[PDB]
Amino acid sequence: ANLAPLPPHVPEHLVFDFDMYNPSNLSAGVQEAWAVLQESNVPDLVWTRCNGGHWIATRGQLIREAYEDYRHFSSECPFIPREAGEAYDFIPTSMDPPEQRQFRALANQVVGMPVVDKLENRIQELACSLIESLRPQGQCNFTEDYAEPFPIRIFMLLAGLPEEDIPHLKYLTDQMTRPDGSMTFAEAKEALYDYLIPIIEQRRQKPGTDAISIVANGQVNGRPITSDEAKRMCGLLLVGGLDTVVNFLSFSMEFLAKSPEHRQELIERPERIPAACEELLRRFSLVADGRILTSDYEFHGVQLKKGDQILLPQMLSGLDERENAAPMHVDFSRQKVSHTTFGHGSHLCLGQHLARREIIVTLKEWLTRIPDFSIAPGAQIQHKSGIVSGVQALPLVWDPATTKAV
(Lines of atoms letter the chains of each structure in order from A and count residues from 1; the text may use other names and numbers.)
(Lines give C-alpha, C1' and ligand atoms only; values in the text may rest on other atoms or scores of the structure.)
Protein backbone atom coordinates (compact mmCIF):
# COMPACT_ATOMS: atom_id res chain seq x y z
CA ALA A 1 0.00 0.00 0.00
CA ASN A 2 3.13 2.18 -0.45
CA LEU A 3 3.52 1.75 3.34
CA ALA A 4 6.80 0.63 4.89
CA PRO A 5 6.37 -1.63 7.97
CA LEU A 6 6.81 0.40 11.18
CA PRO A 7 10.23 -0.24 12.79
CA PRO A 8 10.11 -1.60 16.39
CA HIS A 9 11.85 1.47 17.87
CA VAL A 10 9.19 3.87 16.55
CA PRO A 11 6.19 4.39 18.88
CA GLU A 12 2.81 4.22 17.16
CA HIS A 13 1.65 7.55 18.60
CA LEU A 14 4.33 9.38 16.59
CA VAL A 15 3.12 8.00 13.25
CA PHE A 16 1.98 10.55 10.65
CA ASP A 17 1.95 9.27 7.02
CA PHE A 18 3.11 12.22 4.94
CA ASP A 19 4.32 11.82 1.39
CA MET A 20 6.77 14.62 0.55
CA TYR A 21 6.53 13.79 -3.16
CA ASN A 22 2.70 13.86 -3.32
CA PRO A 23 1.21 15.45 -0.16
CA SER A 24 -2.55 15.37 0.37
CA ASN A 25 -4.31 18.62 -0.61
CA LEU A 26 -1.41 19.77 -2.81
CA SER A 27 -4.20 21.55 -4.71
CA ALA A 28 -4.39 24.10 -1.88
CA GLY A 29 -0.78 25.09 -2.57
CA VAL A 30 2.43 23.23 -1.73
CA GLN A 31 3.41 25.33 1.31
CA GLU A 32 -0.17 24.87 2.60
CA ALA A 33 0.10 21.11 1.95
CA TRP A 34 3.27 20.88 4.05
CA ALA A 35 1.71 23.08 6.74
CA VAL A 36 -0.58 20.17 7.69
CA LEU A 37 2.44 18.94 9.65
CA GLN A 38 2.01 21.99 11.89
CA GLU A 39 -1.64 21.56 12.87
CA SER A 40 -2.20 21.55 16.68
CA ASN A 41 -2.54 17.77 17.14
CA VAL A 42 0.74 16.93 15.34
CA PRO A 43 3.92 16.24 17.41
CA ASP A 44 7.18 18.19 16.91
CA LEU A 45 8.83 15.05 15.54
CA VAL A 46 6.92 12.36 13.62
CA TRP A 47 7.57 9.21 11.60
CA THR A 48 6.08 8.66 8.16
CA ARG A 49 5.78 5.18 6.65
CA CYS A 50 5.83 6.66 3.14
CA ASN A 51 8.92 6.63 0.94
CA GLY A 52 10.64 3.81 2.82
CA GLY A 53 10.01 5.27 6.26
CA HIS A 54 11.69 8.29 7.86
CA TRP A 55 11.43 10.93 10.57
CA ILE A 56 10.18 14.47 9.95
CA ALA A 57 10.93 17.42 12.26
CA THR A 58 7.94 19.78 11.98
CA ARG A 59 8.98 22.84 13.99
CA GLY A 60 11.63 25.49 13.44
CA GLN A 61 13.31 24.87 16.79
CA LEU A 62 14.04 21.21 15.99
CA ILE A 63 15.00 21.91 12.38
CA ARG A 64 17.57 24.53 13.39
CA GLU A 65 18.97 22.35 16.18
CA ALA A 66 19.41 19.30 13.94
CA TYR A 67 21.14 21.31 11.20
CA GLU A 68 23.60 22.78 13.72
CA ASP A 69 24.39 19.37 15.21
CA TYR A 70 26.32 17.77 12.32
CA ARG A 71 27.96 15.27 14.70
CA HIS A 72 24.61 13.55 15.19
CA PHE A 73 22.98 14.47 11.87
CA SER A 74 25.20 13.67 8.89
CA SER A 75 24.88 15.08 5.37
CA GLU A 76 26.43 11.97 3.73
CA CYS A 77 23.31 11.83 1.48
CA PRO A 78 20.60 14.44 2.22
CA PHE A 79 18.21 12.77 -0.23
CA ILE A 80 15.34 10.85 1.35
CA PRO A 81 14.95 8.16 0.39
CA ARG A 82 18.54 7.59 -0.70
CA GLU A 83 17.39 6.52 -4.18
CA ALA A 84 15.86 9.98 -4.72
CA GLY A 85 19.34 11.25 -5.54
CA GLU A 86 20.65 8.26 -7.52
CA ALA A 87 24.27 8.84 -8.63
CA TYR A 88 24.52 12.33 -7.10
CA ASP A 89 28.14 13.15 -6.27
CA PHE A 90 28.42 16.96 -6.05
CA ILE A 91 30.79 18.65 -3.61
CA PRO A 92 30.49 19.71 -0.81
CA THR A 93 26.96 18.30 -0.23
CA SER A 94 28.09 14.98 1.29
CA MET A 95 30.89 16.42 3.38
CA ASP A 96 30.71 17.68 6.96
CA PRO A 97 33.20 19.62 9.12
CA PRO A 98 36.14 19.60 8.93
CA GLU A 99 36.52 18.19 5.36
CA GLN A 100 33.74 20.53 4.23
CA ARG A 101 35.43 23.77 5.36
CA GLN A 102 38.00 24.10 2.58
CA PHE A 103 35.52 23.53 -0.25
CA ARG A 104 32.96 26.00 1.15
CA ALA A 105 35.64 28.68 1.47
CA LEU A 106 36.74 28.17 -2.15
CA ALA A 107 33.13 28.23 -3.34
CA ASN A 108 32.47 31.38 -1.29
CA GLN A 109 35.40 32.97 -3.15
CA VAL A 110 33.54 32.60 -6.45
CA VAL A 111 29.91 33.35 -5.48
CA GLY A 112 30.39 35.39 -2.31
CA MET A 113 29.12 38.93 -1.70
CA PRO A 114 32.06 40.76 -3.36
CA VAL A 115 31.48 38.82 -6.59
CA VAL A 116 27.72 39.45 -6.49
CA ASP A 117 28.24 43.21 -6.08
CA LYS A 118 30.60 43.24 -9.07
CA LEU A 119 28.06 41.34 -11.18
CA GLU A 120 24.95 43.35 -10.21
CA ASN A 121 24.94 45.77 -13.16
CA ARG A 122 25.24 42.87 -15.60
CA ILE A 123 22.54 40.88 -13.79
CA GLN A 124 20.32 43.96 -14.01
CA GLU A 125 21.03 44.18 -17.76
CA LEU A 126 20.05 40.53 -18.28
CA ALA A 127 16.81 41.02 -16.33
CA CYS A 128 15.86 44.17 -18.25
CA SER A 129 16.67 42.44 -21.54
CA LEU A 130 14.34 39.51 -20.80
CA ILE A 131 11.49 41.60 -19.39
CA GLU A 132 11.65 44.15 -22.21
CA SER A 133 11.42 41.37 -24.82
CA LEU A 134 8.23 40.14 -23.13
CA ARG A 135 6.62 43.53 -22.35
CA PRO A 136 5.07 44.25 -25.79
CA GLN A 137 3.61 40.72 -25.99
CA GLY A 138 1.05 41.16 -23.21
CA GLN A 139 1.55 37.59 -22.01
CA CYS A 140 4.10 34.95 -21.14
CA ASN A 141 4.65 31.57 -19.59
CA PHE A 142 6.67 32.99 -16.70
CA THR A 143 8.54 29.83 -15.71
CA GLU A 144 9.75 29.14 -19.27
CA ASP A 145 10.10 32.76 -20.47
CA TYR A 146 11.89 34.43 -17.56
CA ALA A 147 12.42 32.17 -14.54
CA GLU A 148 14.44 29.57 -16.46
CA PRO A 149 16.54 31.78 -18.82
CA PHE A 150 17.59 34.19 -16.05
CA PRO A 151 19.67 31.86 -13.77
CA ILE A 152 21.38 29.91 -16.58
CA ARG A 153 22.46 33.12 -18.34
CA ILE A 154 23.74 34.35 -14.98
CA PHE A 155 25.86 31.21 -14.63
CA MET A 156 27.49 31.71 -18.05
CA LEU A 157 28.41 35.22 -16.90
CA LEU A 158 29.74 33.97 -13.56
CA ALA A 159 31.63 31.03 -15.09
CA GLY A 160 32.94 32.94 -18.10
CA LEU A 161 31.20 30.67 -20.61
CA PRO A 162 29.81 31.69 -24.04
CA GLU A 163 26.07 32.30 -24.52
CA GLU A 164 26.06 29.83 -27.43
CA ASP A 165 26.57 26.94 -25.00
CA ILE A 166 23.23 27.44 -23.22
CA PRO A 167 21.08 25.15 -25.43
CA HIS A 168 23.41 22.22 -24.69
CA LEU A 169 24.15 23.04 -21.04
CA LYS A 170 20.51 23.78 -20.19
CA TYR A 171 19.41 20.59 -21.94
CA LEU A 172 21.78 18.57 -19.75
CA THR A 173 20.78 20.22 -16.47
CA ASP A 174 17.11 19.75 -17.40
CA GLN A 175 17.86 16.08 -18.16
CA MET A 176 19.25 15.80 -14.62
CA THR A 177 16.58 17.58 -12.54
CA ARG A 178 13.54 17.52 -14.85
CA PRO A 179 14.02 14.20 -16.75
CA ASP A 180 11.91 13.45 -19.82
CA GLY A 181 13.25 9.92 -20.27
CA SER A 182 15.97 10.62 -22.86
CA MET A 183 18.99 10.05 -20.61
CA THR A 184 19.41 8.60 -17.12
CA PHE A 185 20.69 10.90 -14.35
CA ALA A 186 24.11 9.21 -14.50
CA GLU A 187 24.31 9.68 -18.27
CA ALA A 188 23.29 13.35 -18.10
CA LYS A 189 25.80 13.88 -15.27
CA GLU A 190 28.62 12.24 -17.25
CA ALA A 191 27.79 14.49 -20.23
CA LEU A 192 27.92 17.54 -17.93
CA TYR A 193 31.34 16.44 -16.67
CA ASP A 194 32.49 15.84 -20.26
CA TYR A 195 31.69 19.51 -20.89
CA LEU A 196 33.39 20.83 -17.73
CA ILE A 197 36.62 18.80 -17.61
CA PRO A 198 38.28 20.33 -20.74
CA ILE A 199 37.42 23.87 -19.61
CA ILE A 200 38.78 23.13 -16.13
CA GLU A 201 42.10 21.69 -17.38
CA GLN A 202 42.46 24.66 -19.74
CA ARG A 203 41.87 27.34 -17.11
CA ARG A 204 44.13 25.42 -14.72
CA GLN A 205 47.00 26.28 -17.10
CA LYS A 206 45.89 29.72 -18.31
CA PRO A 207 43.54 31.06 -15.57
CA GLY A 208 41.13 33.97 -15.76
CA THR A 209 39.02 35.75 -13.13
CA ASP A 210 35.88 33.65 -13.74
CA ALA A 211 34.45 31.15 -11.25
CA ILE A 212 35.85 28.05 -13.01
CA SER A 213 39.40 29.46 -13.11
CA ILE A 214 39.35 30.23 -9.37
CA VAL A 215 37.95 26.79 -8.51
CA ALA A 216 40.39 25.03 -10.87
CA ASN A 217 43.35 26.76 -9.22
CA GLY A 218 42.22 26.22 -5.64
CA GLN A 219 44.13 24.60 -2.79
CA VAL A 220 42.85 21.56 -0.88
CA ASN A 221 44.72 19.97 2.04
CA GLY A 222 47.88 21.78 1.00
CA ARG A 223 47.77 20.49 -2.58
CA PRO A 224 46.11 21.41 -5.92
CA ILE A 225 42.42 20.53 -6.26
CA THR A 226 41.94 17.52 -8.54
CA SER A 227 40.04 17.45 -11.82
CA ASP A 228 37.51 15.20 -10.08
CA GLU A 229 37.00 17.56 -7.11
CA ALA A 230 36.82 20.68 -9.28
CA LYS A 231 34.20 19.32 -11.69
CA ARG A 232 32.09 18.00 -8.81
CA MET A 233 31.95 21.43 -7.18
CA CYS A 234 31.40 23.32 -10.45
CA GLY A 235 28.51 20.99 -11.17
CA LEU A 236 26.73 22.06 -7.97
CA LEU A 237 27.62 25.72 -8.49
CA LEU A 238 25.65 25.32 -11.69
CA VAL A 239 22.76 23.05 -10.69
CA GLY A 240 22.29 24.49 -7.21
CA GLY A 241 21.36 27.88 -8.64
CA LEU A 242 18.85 26.83 -11.28
CA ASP A 243 15.66 25.08 -10.09
CA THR A 244 15.64 26.77 -6.68
CA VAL A 245 15.69 30.20 -8.34
CA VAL A 246 13.34 29.21 -11.16
CA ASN A 247 10.66 27.93 -8.80
CA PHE A 248 11.11 30.52 -6.07
CA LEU A 249 10.68 33.34 -8.61
CA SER A 250 7.57 31.56 -9.93
CA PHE A 251 5.98 31.26 -6.45
CA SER A 252 6.70 34.95 -5.86
CA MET A 253 5.30 36.11 -9.20
CA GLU A 254 2.21 33.92 -8.79
CA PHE A 255 1.57 35.68 -5.46
CA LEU A 256 2.14 39.16 -6.92
CA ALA A 257 -0.20 38.40 -9.83
CA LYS A 258 -2.92 37.56 -7.29
CA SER A 259 -2.25 40.51 -4.96
CA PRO A 260 -2.52 44.06 -6.43
CA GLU A 261 -1.92 45.57 -2.96
CA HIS A 262 1.55 44.03 -2.73
CA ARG A 263 2.46 45.06 -6.29
CA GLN A 264 1.29 48.61 -5.61
CA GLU A 265 3.24 48.63 -2.33
CA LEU A 266 6.55 47.92 -4.06
CA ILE A 267 5.88 50.43 -6.86
CA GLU A 268 5.32 53.25 -4.33
CA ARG A 269 7.94 52.10 -1.81
CA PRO A 270 10.83 50.76 -3.99
CA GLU A 271 13.18 50.91 -1.00
CA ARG A 272 11.12 48.07 0.53
CA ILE A 273 12.00 45.57 -2.22
CA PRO A 274 14.93 44.05 -0.27
CA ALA A 275 12.69 43.55 2.78
CA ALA A 276 9.91 42.19 0.54
CA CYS A 277 12.41 39.70 -0.90
CA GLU A 278 13.15 38.36 2.59
CA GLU A 279 9.44 38.03 3.44
CA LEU A 280 8.72 36.23 0.14
CA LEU A 281 11.68 33.92 0.86
CA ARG A 282 9.96 33.03 4.16
CA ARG A 283 6.41 32.61 2.84
CA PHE A 284 7.36 30.76 -0.37
CA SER A 285 10.21 28.68 1.03
CA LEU A 286 10.64 25.55 -1.09
CA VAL A 287 13.50 23.22 -0.12
CA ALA A 288 13.18 20.11 2.00
CA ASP A 289 15.97 17.59 2.44
CA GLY A 290 17.45 15.80 5.42
CA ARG A 291 20.22 14.11 7.33
CA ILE A 292 21.17 10.63 8.56
CA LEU A 293 21.70 9.58 12.19
CA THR A 294 25.40 8.91 12.76
CA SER A 295 24.59 7.07 15.99
CA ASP A 296 21.75 6.10 18.33
CA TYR A 297 20.56 9.40 19.74
CA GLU A 298 17.81 10.76 21.98
CA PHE A 299 16.39 13.90 20.38
CA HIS A 300 13.61 15.85 22.11
CA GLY A 301 12.41 12.74 23.94
CA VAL A 302 12.46 10.63 20.79
CA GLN A 303 14.77 7.67 20.25
CA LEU A 304 16.50 7.90 16.89
CA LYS A 305 18.44 4.89 15.60
CA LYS A 306 21.80 4.99 13.80
CA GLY A 307 21.14 4.99 10.07
CA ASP A 308 17.61 6.44 10.40
CA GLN A 309 16.83 9.22 7.93
CA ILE A 310 15.29 12.46 9.21
CA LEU A 311 13.68 15.04 6.94
CA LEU A 312 14.38 18.57 8.24
CA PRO A 313 12.21 20.74 5.90
CA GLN A 314 13.93 24.08 5.36
CA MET A 315 10.48 25.21 4.19
CA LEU A 316 8.82 24.69 7.57
CA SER A 317 10.84 26.88 9.93
CA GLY A 318 9.48 30.17 8.58
CA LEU A 319 5.92 28.85 8.30
CA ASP A 320 5.98 27.87 12.01
CA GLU A 321 3.52 30.06 13.96
CA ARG A 322 5.98 29.73 16.89
CA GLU A 323 8.50 31.64 14.75
CA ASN A 324 6.20 34.10 12.94
CA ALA A 325 2.72 35.48 13.71
CA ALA A 326 0.06 34.50 11.11
CA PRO A 327 2.79 32.75 9.02
CA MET A 328 0.66 32.20 5.92
CA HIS A 329 0.17 35.95 5.55
CA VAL A 330 2.61 38.16 3.64
CA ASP A 331 3.73 41.36 5.39
CA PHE A 332 6.61 43.23 3.76
CA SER A 333 6.91 45.33 6.94
CA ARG A 334 7.48 42.35 9.28
CA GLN A 335 10.02 43.44 11.90
CA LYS A 336 11.45 39.94 12.42
CA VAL A 337 11.33 37.64 9.40
CA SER A 338 12.44 34.30 10.79
CA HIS A 339 13.21 31.50 8.30
CA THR A 340 15.68 28.82 7.16
CA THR A 341 14.89 29.08 3.44
CA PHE A 342 18.57 28.87 2.44
CA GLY A 343 19.13 26.17 5.04
CA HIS A 344 20.86 26.36 8.40
CA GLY A 345 24.14 25.21 9.89
CA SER A 346 27.33 24.26 8.04
CA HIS A 347 25.56 23.68 4.71
CA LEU A 348 23.83 27.10 4.54
CA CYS A 349 23.38 27.97 0.84
CA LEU A 350 26.63 29.22 -0.71
CA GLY A 351 24.58 31.09 -3.31
CA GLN A 352 22.33 32.96 -0.85
CA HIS A 353 23.88 36.32 -1.76
CA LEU A 354 23.57 35.73 -5.49
CA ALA A 355 20.00 34.46 -4.98
CA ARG A 356 18.83 37.53 -3.06
CA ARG A 357 20.31 39.79 -5.72
CA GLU A 358 18.50 37.90 -8.49
CA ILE A 359 15.20 38.18 -6.65
CA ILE A 360 15.58 41.88 -5.84
CA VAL A 361 16.66 42.78 -9.37
CA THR A 362 13.78 40.76 -10.86
CA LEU A 363 11.17 42.47 -8.65
CA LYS A 364 12.49 45.97 -9.32
CA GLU A 365 12.94 45.61 -13.07
CA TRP A 366 9.64 43.78 -13.58
CA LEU A 367 7.46 46.14 -11.51
CA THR A 368 9.09 49.08 -13.32
CA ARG A 369 8.07 47.85 -16.78
CA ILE A 370 5.01 45.64 -16.17
CA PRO A 371 3.39 47.02 -12.97
CA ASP A 372 -0.04 45.50 -13.64
CA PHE A 373 -0.30 41.79 -14.47
CA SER A 374 -2.60 38.86 -13.62
CA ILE A 375 -2.94 35.10 -13.98
CA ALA A 376 -4.27 34.21 -17.45
CA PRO A 377 -8.09 33.84 -17.49
CA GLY A 378 -9.20 30.22 -17.20
CA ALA A 379 -5.79 29.07 -15.96
CA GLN A 380 -5.41 26.95 -12.84
CA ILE A 381 -1.95 27.02 -11.27
CA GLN A 382 -0.60 23.69 -10.05
CA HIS A 383 2.28 23.14 -7.64
CA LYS A 384 4.65 20.16 -7.39
CA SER A 385 6.24 18.80 -4.22
CA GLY A 386 9.66 17.29 -3.58
CA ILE A 387 13.20 18.12 -2.49
CA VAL A 388 12.74 21.43 -4.33
CA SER A 389 9.01 22.18 -4.65
CA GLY A 390 7.70 24.34 -7.45
CA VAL A 391 5.19 25.68 -9.97
CA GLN A 392 4.25 23.59 -13.01
CA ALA A 393 3.38 26.55 -15.24
CA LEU A 394 2.60 30.22 -14.66
CA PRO A 395 0.71 31.90 -17.53
CA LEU A 396 0.60 35.68 -17.02
CA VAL A 397 -1.23 38.43 -18.91
CA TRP A 398 -1.12 42.24 -19.06
CA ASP A 399 -2.17 45.14 -21.27
CA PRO A 400 0.90 46.34 -23.26
CA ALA A 401 -0.58 49.86 -23.31
CA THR A 402 -0.25 49.94 -19.49
CA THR A 403 3.47 49.10 -19.49
CA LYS A 404 6.50 51.39 -19.77
CA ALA A 405 9.78 50.62 -21.54
CA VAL A 406 12.60 51.83 -19.27
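Residue numbers run from 1 along the displayed sequence.
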Averaged over C-alpha atoms, is the B-factor higher for 339-347 or for 48-56 in this PDB entry? 48-56
Between the two ranges 225-233 and 326-334, the one averaging a larger CA B factor in the entry: 225-233
Using the entry's values, work out which of 274, 260, 97, 307 has the largest Cα B factor. 97
Between 321, 145, 180, 279, where does the Cα B-factor run highest in the record? 180
Third of the chain's Cα B-factor distribution that residue 101 belongs to, per the entry: highest
What third of its chain's C-alpha B-factors does residue 195 belong to: lowest, middle or highest? highest
Binned into thirds over the chain's modelled residues, the C-alpha B-factor of residue 174 lands in the middle
Please rank the C-alpha B-factors of the chain's modelled residues and tell me whether residue 41 sits in the lowest, middle or highest third. highest
Which third, lowest, middle or highest, does the C-alpha temperature factor of residue 287 belong to within its own chain? lowest
